[PDB]
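Trainee: Need the 3D shape of this:
(3 chains)
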Amino acid sequence: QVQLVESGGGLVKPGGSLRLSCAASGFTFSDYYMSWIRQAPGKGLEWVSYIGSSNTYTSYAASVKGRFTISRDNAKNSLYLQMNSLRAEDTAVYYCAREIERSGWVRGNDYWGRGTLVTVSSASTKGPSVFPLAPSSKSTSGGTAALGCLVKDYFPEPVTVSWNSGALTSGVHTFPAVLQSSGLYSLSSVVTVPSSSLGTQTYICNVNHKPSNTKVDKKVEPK
Amino acid sequence: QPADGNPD
Amino acid sequence: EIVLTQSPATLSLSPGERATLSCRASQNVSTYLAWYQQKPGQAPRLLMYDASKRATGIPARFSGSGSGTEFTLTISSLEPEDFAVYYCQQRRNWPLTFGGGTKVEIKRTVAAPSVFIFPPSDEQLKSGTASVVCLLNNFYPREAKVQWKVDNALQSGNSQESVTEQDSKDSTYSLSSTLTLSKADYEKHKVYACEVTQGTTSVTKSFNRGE
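Mentor: Numbering: from 1, shown residues only, chains lettered A, B, ... in the order given. Find the structure here:
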């Protein structure tokens, strides 16, 4: 199968530099042209740059002209994006994507990578503090209880959340993170359960933050 | 667009 | 640059219905138009290029049409997997540009949220900060006004909210709103309230800090 795998994303200070890579397999890389496309969190797609048969043939979005350079190394089946003078507004998932070519014109992107996240910020990497959203033993919602975990003040994205190591999935809502004015992220994960279960069933949220190589498990006890 | 990266 | 506009930004339809998505260009792009699909947490997928050529493995229920400045993506009968965001991309000239996207969501009946409010945990308060969390569980439609009141005073500028993607089983949304205050601010007031308004109904969930 055609595969495109991006790497090199991560945290960078404003004004800093980063190099993205994209490894191609399952087709003859040298027979295809390529583009980088990015997507800011919660926003739409934004084309970044394009490369033809070699580094001699490139094109750029106005917002990155002079700062980003697209290049390729066919011997390594790899596409690259050199990013200089980075700005907070460059924070996004960056996708490498293969182009359709016919009659000397490129016409669309038929295969995409899974993306790599670039964060531009002065904030420092930090694992989360996990606080309980404890259910009230007093049930005031028709026999149903809500409980959860508040995952606060981590950086950068992403975190993943499970409950009881994946054994509890029904009724779980894990919310998209928000970027706080502090520059750190926060999110909550909640689940609704039978209020009658609060005294018998243990509830543990499992919060994984790979950027800090930290996992936090928090037992949420009734109040 | 033109595959050489140049506007039409 | 060639500007692309996708209107409406959201289509609310039922499975099995026909969907017509529009992309209009500020300049003549002839047939050099591509369409993409994107689901939450996934990379975009090509659906259509040269305006009307279906991409590899795309079901025949997808058909693209148009030329010049008006283009259409039609899904003859929506399947569950078709509820997603759709982007157009003009391939007429550099620099490439995208439309802003159209989200096709599942229309369902109105559903009032179950509303829960969580005081700050004692553990967090020890840190000198307080987060008050309001949860709107499984409601429809997505649009809702959520407001915080502290001792019945309307709050502004100290809360942030987040919303889930539409539920695959019941097609509802859920929403969290978080009020952030210092421990000292928190301990200066008693009544904490989260007010949710949809249509002609407001529902307020509250607690008293002491209790």
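
Trainee: Now do the phi/psi pair for residue C:185.
Mentor: Residue C:185 adopts backbone torsions of phi -60, psi -40, taken as degrees, to the nearest 10.

Trainee: In contact with the closest residue to it other than its chain neighbours, which residues?
Mentor: Excluding the flanking residues, the one nearest residue C:185 by C-beta to C-beta, 6 or more residues apart in numbering or on different chains is residue C:130, at 7.3 Å. Any C-beta I mention is one placed from the backbone N, CA and C, and that applies to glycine too. Counting by C-beta atoms under 8 Å, 6 or more residues apart in numbering or on different chains, residue C:130 touches C:120, C:124, C:180-183, C:185-186.

Trainee: Look up which residues are beta-bridged to residue C:130.
Mentor: Beta-bridge pairing of residue C:130 under DSSP bridges involves residue C:181.

Trainee: for residue A:190, same thing?
Mentor: With DSSP bridges as the rule, residue A:190 is bridged to residue A:148, residue A:173.

Trainee: what's the burial count for it?
Mentor: 26 (other C-beta atoms under 10 Å in any protein chain shown).

Trainee: residues contacting it?
Mentor: Going by C-beta under 8 Å, 6+ apart, residue A:190 touches A:133, A:146-148, A:172-175, C:135, C:137, C:174, C:176.

Trainee: Compare those and tell me which has the most neighbours.
Mentor: Neighbour max across the contacts of residue A:190 (other C-beta under 10 Å) = residue A:148, 30 neighbours.

Trainee: just checking, it touches residue A:205?
Mentor: Yes. With contact defined as C-beta atoms under 8 Å, residue A:148 reaches residue A:205; the gap is 7.2 Å.

Trainee: Name the residues contacting each of these two.
Mentor: A:189, A:220.

Trainee: got the contact list for residue C:161?
Mentor: Residue C:161 touches A:178, C:146, C:175-178, counting by C-beta under 8 Å, 6+ apart.

Trainee: Quick check: the farthest pair among these?
Mentor: Greatest spatial distance among these (C-beta to C-beta): A:178 and C:146, at 13.6 Å.

Trainee: Against chain A, how distant is residue C:64?
Mentor: 11 Å (C-beta to the nearest C-beta, to the nearest Å).

Trainee: Check the spacing between that residue and residue C:48 real quick.
Mentor: Plainly put, residue C:64 is 4 Å away from residue C:48 if you go by C-beta to C-beta, to the nearest Å.

Trainee: next one: residue A:138
Mentor: 55 Å.

Trainee: Compare the two (neighbour count), which wins?
Mentor: Using other C-beta under 10 Å as the criterion, residue A:138 and residue C:48 rank with residue C:48 on top: 24 against 10.

Trainee: do the helix or strand containing that one and chain B meet at all?
Mentor: Following DSSP states H and E, one finds residue C:48 within strand C:45-49. No. Using C-beta under 8 Å from any C-beta of the partner chain, we find that strand C:45-49 stays clear of chain B, coming within 13.0 Å at best.

Trainee: Domain-wise, how is chain A divided?
Mentor: Domain assignment for chain A by automatic domain parsing gives A:3-120, A:129-219.

Trainee: closest one to residue C:58 among those domains?
Mentor: Distance to residue C:58, taken as C-beta to C-beta, is lowest for domain A:3-120 among the domains of chain A, at 10.7 Å.

Trainee: residues in contact with the one residue in chain B that gets nearest to chain A?
Mentor: Closest residue of chain B to chain A, C-beta to the nearest C-beta: residue B:5 (3.9 Å). Counting by C-beta under 8 Å, 6+ apart, residue B:5 touches A:50-52, A:57-59, C:94.

Trainee: switch the cut-off to 10 Å
Mentor: Counting by C-beta atoms under 10 Å, 6 or more residues apart in numbering or on different chains, residue B:5 makes contact with A:33, A:49-53, A:56-60, A:70, A:106, C:94.

Trainee: From start to finish, how long is stretch C:141-154 in a straight line?
Mentor: 24 Å (C-alpha to C-alpha, to the nearest Å).

Trainee: And stretch C:84-93, by the same measure?
Mentor: End-to-end distance for stretch C:84-93: 27 Å, by C-alpha to C-alpha.
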